2 protein chains.
Amino acid sequence: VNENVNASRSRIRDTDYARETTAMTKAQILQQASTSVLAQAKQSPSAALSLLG
Amino acid sequence: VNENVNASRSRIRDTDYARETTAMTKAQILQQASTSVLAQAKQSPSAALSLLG
């Protein structure tokens, strides 16, 4: 019973490194994707003053 | 009566070296199987190290 409950708690409490590592990597690529567009986003007012100002 | 009682007692209590030695050797092989599989089982979390690393 001790083994069986140990494996049962693993399936609901322990983390899956196969999925969690992929989940973090999807977020890290998500970071640099959002930071890069953010870098290109604040140049919208840069087009404003370069227009005539 | 003493001779036949002694023979009966041996059949009930006295050990059988032919059977006991086989059980001892089989148990010895069983433990050596268990230590080998346990050694390979301890490295299972190490397979989880490669994903994030």
# chains A, B, ... in the order shown; residues from 1 in each chain; ligands from 1
call {"tool": "closest_atom_pairs", "arguments": {"of": "chain A", "to": "chain B", "cutoff": "9 Å", "atoms": "only C-alpha atoms", "output": "CSV"}}
result
residue,atom,partner,partner_atom,distance
A:16,CA,B:48,CA,8.8
A:17,CA,B:48,CA,6.1
A:18,CA,B:51,CA,6.7
A:20,CA,B:52,CA,8.9
A:21,CA,B:52,CA,5.6
A:22,CA,B:51,CA,8.4
call {"tool": "atom_distance", "arguments": {"atom1": "atom CA of residue 15 of chain A", "atom2": "atom CA of residue 44 of chain B"}}
result
14.4 Å
call {"tool": "decode", "arguments": {"residues": "segment 12-37 of chain A", "atoms": "N, CA and C atoms", "output": "short mmCIF file (atom, residue, chain, number, x, y, z; two decimals), in the first residue's frame"}}
result
data_model
loop_
_atom_site.label_atom_id
_atom_site.label_comp_id
_atom_site.auth_asym_id
_atom_site.auth_seq_id
_atom_site.Cartn_x
_atom_site.Cartn_y
_atom_site.Cartn_z
N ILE A 12 -0.14 13.28 -9.19
CA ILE A 12 -0.98 14.45 -8.97
C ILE A 12 -0.18 15.56 -8.29
N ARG A 13 0.90 15.20 -7.60
CA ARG A 13 1.72 16.15 -6.86
C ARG A 13 3.11 16.35 -7.46
N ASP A 14 3.74 15.29 -7.96
CA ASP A 14 5.07 15.43 -8.52
C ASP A 14 5.02 16.08 -9.90
N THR A 15 6.11 16.75 -10.27
CA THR A 15 6.18 17.46 -11.53
C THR A 15 6.75 16.57 -12.62
N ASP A 16 6.30 16.81 -13.85
CA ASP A 16 6.77 16.08 -15.02
C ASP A 16 7.82 16.93 -15.73
N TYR A 17 9.08 16.49 -15.67
CA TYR A 17 10.17 17.27 -16.25
C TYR A 17 10.06 17.33 -17.77
N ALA A 18 9.44 16.32 -18.38
CA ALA A 18 9.28 16.32 -19.83
C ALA A 18 8.39 17.46 -20.29
N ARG A 19 7.32 17.74 -19.54
CA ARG A 19 6.38 18.79 -19.93
C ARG A 19 6.77 20.14 -19.35
N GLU A 20 7.28 20.16 -18.12
CA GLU A 20 7.61 21.42 -17.47
C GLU A 20 8.77 22.13 -18.16
N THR A 21 9.79 21.38 -18.57
CA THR A 21 10.91 21.99 -19.28
C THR A 21 10.45 22.59 -20.61
N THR A 22 9.59 21.88 -21.33
CA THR A 22 9.02 22.43 -22.56
C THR A 22 8.17 23.65 -22.25
N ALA A 23 7.42 23.62 -21.14
CA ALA A 23 6.58 24.76 -20.78
C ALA A 23 7.41 26.00 -20.48
N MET A 24 8.53 25.83 -19.77
CA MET A 24 9.40 26.97 -19.49
C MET A 24 10.03 27.52 -20.76
N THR A 25 10.49 26.63 -21.64
CA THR A 25 11.13 27.08 -22.88
C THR A 25 10.14 27.84 -23.76
N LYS A 26 8.89 27.38 -23.83
CA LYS A 26 7.88 28.13 -24.57
C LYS A 26 7.70 29.52 -23.99
N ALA A 27 7.88 29.66 -22.67
CA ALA A 27 7.74 30.97 -22.04
C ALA A 27 8.97 31.84 -22.27
N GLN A 28 10.17 31.24 -22.29
CA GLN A 28 11.38 32.03 -22.52
C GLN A 28 11.42 32.58 -23.94
N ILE A 29 11.07 31.75 -24.93
CA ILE A 29 10.92 32.26 -26.29
C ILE A 29 9.79 33.28 -26.35
N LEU A 30 8.76 33.08 -25.53
CA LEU A 30 7.69 34.07 -25.43
C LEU A 30 8.22 35.40 -24.92
N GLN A 31 9.13 35.37 -23.94
CA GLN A 31 9.75 36.60 -23.45
C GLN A 31 10.37 37.41 -24.58
N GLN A 32 11.38 36.84 -25.23
CA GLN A 32 12.16 37.61 -26.20
C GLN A 32 11.30 38.00 -27.40
N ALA A 33 10.24 37.24 -27.67
CA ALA A 33 9.28 37.66 -28.69
C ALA A 33 8.55 38.92 -28.26
N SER A 34 8.11 38.99 -27.00
CA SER A 34 7.35 40.15 -26.54
C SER A 34 8.26 41.35 -26.30
N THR A 35 9.50 41.11 -25.85
CA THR A 35 10.43 42.21 -25.66
C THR A 35 10.85 42.82 -26.99
N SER A 36 11.04 41.98 -28.01
CA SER A 36 11.46 42.49 -29.32
C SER A 36 10.38 43.37 -29.94
N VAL A 37 9.12 42.92 -29.89
CA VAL A 37 8.04 43.75 -30.42
C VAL A 37 7.85 44.99 -29.56
#
